[PDB]
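Let me start by giving you these chains from the complex, positioned as in the assembled structure:
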Amino acid sequence: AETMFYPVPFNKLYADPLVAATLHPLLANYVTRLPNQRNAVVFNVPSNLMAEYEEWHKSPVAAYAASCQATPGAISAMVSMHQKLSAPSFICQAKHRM
Amino acid sequence: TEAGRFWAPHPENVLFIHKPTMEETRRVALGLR
Amino acid sequence: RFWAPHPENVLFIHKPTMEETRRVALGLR
Amino acid sequence: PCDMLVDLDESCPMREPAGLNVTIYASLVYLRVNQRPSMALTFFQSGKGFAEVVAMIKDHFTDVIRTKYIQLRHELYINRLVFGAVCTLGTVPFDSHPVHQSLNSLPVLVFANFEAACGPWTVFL
């Protein structure tokens, strides 16, 4: 894999250090020098690939998926988690008593 | 805040350079240049 | 301990690292 | 005037003895402003005894002592070395309340039962 592939962390659900340390031995050096960043919620992504405040998925989404139980009820937890938090979505939750 | 009290031995301003935040703005800006 | 304010407090700047910095400003312009 | 007077016994307390005697002291400070010589006269009010107040006056004028003597790394004139002097303007009784007034405003204290006893000037530094 070191002769074919390289890791690109670009999204909150797709920047994981325990996966990215396998693909290139320089990030395996980065994870083992300072073990603060071994979490997916904490891990630093380059400024040429992602800014978190200008983003849809904005880390508390990425912190739910790391602490699931992978239950069939957790599949429908995520679908009711991408619910827009705006004014004409509150009408569509108030009719069905959500 | 008086002209005669200028070089006070304990002034109100104290320099505080946080060295971990200074090294990273060096290394990022030395990467771009 | 802090240093006390005084107008004779000096910082000696190196001659080479002021000139190697001058080489960089040529290239970025 | 309330502007000139500098009180000296002031605490949270965060205990000091009472007495019969609190003494108003005068002071007069030689300094330089705008590279021109000028003086500064302030007043002091404490019943601490003369051995403490000379140490308490130097802590008040710490900044003014330092900003003057930065000059004399270059020019050392022995006439310039004299800095201040402290007189004793007479006593006030203990626990007499200084009464604030205002005139045209100019806030002006007043001391009841002030009795005067002049002293010499002694050169502190």
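Perfect, I can see it now. Numbering: from 1, shown residues only, chains lettered A, B, ... in the order given.

hey, let's count contacts and neighbours off CA atoms from now on
Will do.

so is residue D:91 in a helix, a strand, or just coil?
For residue D:91, the secondary structure call by DSSP: H, G, I helix; E, B strand; the rest coil comes out as strand.

Bridged to it, which residues?
Bridge pairing for residue D:91 (DSSP bridges) gives the partners residue D:23, residue D:115.

What count of nearby residues applies to the residue in chain B positioned nearest to chain C?
Distance from chain C to each residue of chain B (Cα to the nearest Cα) is smallest for residue B:9, at 5.4 Å. Counted by other Cα atoms under 10 Å in any protein chain shown, the residues lying close to residue B:9 total 16.

And residue B:13, by the same measure?
If you count neighbours by other Cα under 10 Å, residue B:13 ends up with 6.

and the residue of chain D found nearest chain C, what does it touch?
Using Cα to the nearest Cα, residue D:70 is the residue of chain D that sits closest to chain C, at 7.8 Å. Applying Cα atoms under 8 Å, 6 or more residues apart in numbering or on different chains to residue D:70 gives the contacts residue C:6.

how near is it to residue D:64?
As for residue D:70, its distance to residue D:64 is 10 Å (criterion: Cα to Cα, to the nearest Å).

which parts of chain B sit against chain C?
By the criterion of Cα under 8 Å from any Cα of the partner chain, the positions of chain B lying close to chain C are B:7-11, B:33.

Append chain E to the structure above:
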Amino acid sequence: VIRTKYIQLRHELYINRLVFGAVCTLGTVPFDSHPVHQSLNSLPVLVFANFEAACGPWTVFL
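Next up, chain E placed on what we already have:
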């Protein structure tokens, strides 16, 4: 009304056409006297108490 008039008179517009309205002053009513609503054969008609009448000249406005 000013908009929908000068559209109708966009092409031809003579100098006599420019005058639009005029405001007179008919009289005063003292405050503390509210008008009473009244119906007459049905026509909703206000009635004022103590309307003392004056007269002003017509002054053109536009």
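
Neighbours of whichever residue of chain A sits closest to chain B, how many?
When you check chain A against chain B by Cα to the nearest Cα, the closest residue turns out to be residue A:47, at 10.0 Å. The local packing of residue A:47 (other Cα under 10 Å) involves 9 other residues.

What strand or helix carries it?
Residue A:47 belongs to no helix or strand when assigned by DSSP states H and E.

dump the residue contacts of it.
Under the criterion of Cα under 8 Å, 6+ apart, the contact list for residue A:47 is empty.

who does the helix or strand where residue A:32 lies touch, helix- and strand-wise?
Counting by DSSP H and E, the element that carries residue A:32 is helix A:25-33. For helix A:25-33, the helices and strands in contact under the criterion 3 or more Cα pairs under 8 Å, 6 or more residues apart in numbering or on different chains; DSSP states H and E are helix A:17-23.

buried set for the helix it packs on?
Residues of helix A:17-23 classed as buried: A:17, A:20-21, A:23 (neighbour count, 16 or more other Cα atoms under 10 Å in any protein chain shown).

If you count contacts, what does that helix end up packed against?
helix A:25-33.

Run the chain-centre distance for the helix it packs on.
Relative to its chain's centre, helix A:25-33 lies at 20 Å (Cα atoms, centre = their mean, to the nearest Å).

Chain F next, sequence below:
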Amino acid sequence: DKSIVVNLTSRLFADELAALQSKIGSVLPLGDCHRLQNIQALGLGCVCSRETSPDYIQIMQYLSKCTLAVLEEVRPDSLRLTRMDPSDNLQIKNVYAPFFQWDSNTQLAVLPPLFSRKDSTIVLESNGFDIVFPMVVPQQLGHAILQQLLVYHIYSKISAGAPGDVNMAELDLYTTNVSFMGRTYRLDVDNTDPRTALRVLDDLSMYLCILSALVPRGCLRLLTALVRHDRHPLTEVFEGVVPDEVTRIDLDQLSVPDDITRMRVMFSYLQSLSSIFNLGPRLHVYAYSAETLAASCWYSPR
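Chain F, in position alongside the others:
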């Protein structure tokens, strides 16, 4: 009898009693024509506040609504005022601070404080309110400030939009200073709310371009025969350089029965400009005594 008693609901002190003592016999506007009244109605500075920007048109526009009353008595618990009936002979005393000499057969009008707010505003801190006084002024300066205050809000809009348009030094001396006989006075217009001073200016631009569309041509052709031939004492604004637009309307010939219909229609829009240069109420003085400063006038509002 007619009178107005005004409560001071808390108290008042001994400094502001001497401040209200010097301001006795002065006309203030107050809110309602009730015998009983509180402190909130008497201020002209209920709209003219300190923390907000004043609006000298809207302050003046507020002044033709109110009833106007003259102080008689200052008490530490109350202020007893006497009112002014809309057709009434009464007496007014020349207390007001920029001293302008009146005489019999003059023509007064009430203006907002336009030279010194700080003189007119005395604050009543015992009740949490400040009472603000107008100034009664003969109409030769009543109009001439409103001529000057609207010229400021034209050219301040140009300079705040782009500072390269207007030189600032010539802006301050011309747009703020009011020219009077002998003296020139500096208006108190530095930080205002011009949002109702532009609606007045947005009403000039309707009357004024109508007056430019139907100028009678005989009066245009008399200018070209006067600005370059003769030297008349009031045409000297216009030098030998006539405006070029005047000569570019000369291309048609004269016609008397087509300038009667222009002189008549222009005449009835000049009668409309007395809805945009309005002062407040009017006080026709018919007697005055210069050694007592006491005028006796006739009140007629609107």
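
what do you get for the contacts of residue D:70 once chain F is counted?
Neighbouring residues of residue D:70 by Cα under 8 Å, 6+ apart: residue C:6.

Against chain E, how distant is it?
Summarising the geometry, the distance separating residue D:70 from chain E, computed by Cα to the nearest Cα, to the nearest Å, is 78 Å.

likewise residue A:91?
Relative to chain E, and taking Cα to the nearest Cα, residue A:91 is found at 41 Å.

Kindly report the same for residue F:126.
Relative to chain E, residue F:126 is positioned 32 Å away (criterion: Cα to the nearest Cα).

how about the nearest residue to that residue, chain neighbours excluded?
For residue F:126, the nearest residue in space outside its immediate sequence neighbours is residue F:12; the separation is 5.7 Å by Cα to Cα, 6 or more residues apart in numbering or on different chains.

Touching the helix holding residue A:32 from outside, list them.
For helix A:25-33, the external contacting residues (Cα under 8 Å, 6+ apart) are A:17, A:20-22, A:37-38.

Go again with 7 Å.
Under the criterion Cα atoms under 7 Å, 6 or more residues apart in numbering or on different chains, residues A:20-22, A:37-38 lie in contact with helix A:25-33.

Could you dump those into TSV with distance to residue F:250 added?
Supplementary listing: the contacts of helix A:25-33 in TSV, determined by distance: Cα to Cα, whole Å:
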residue	distance to residue F:250
A:20	87
A:21	89
A:22	91
A:37	86
A:38	89
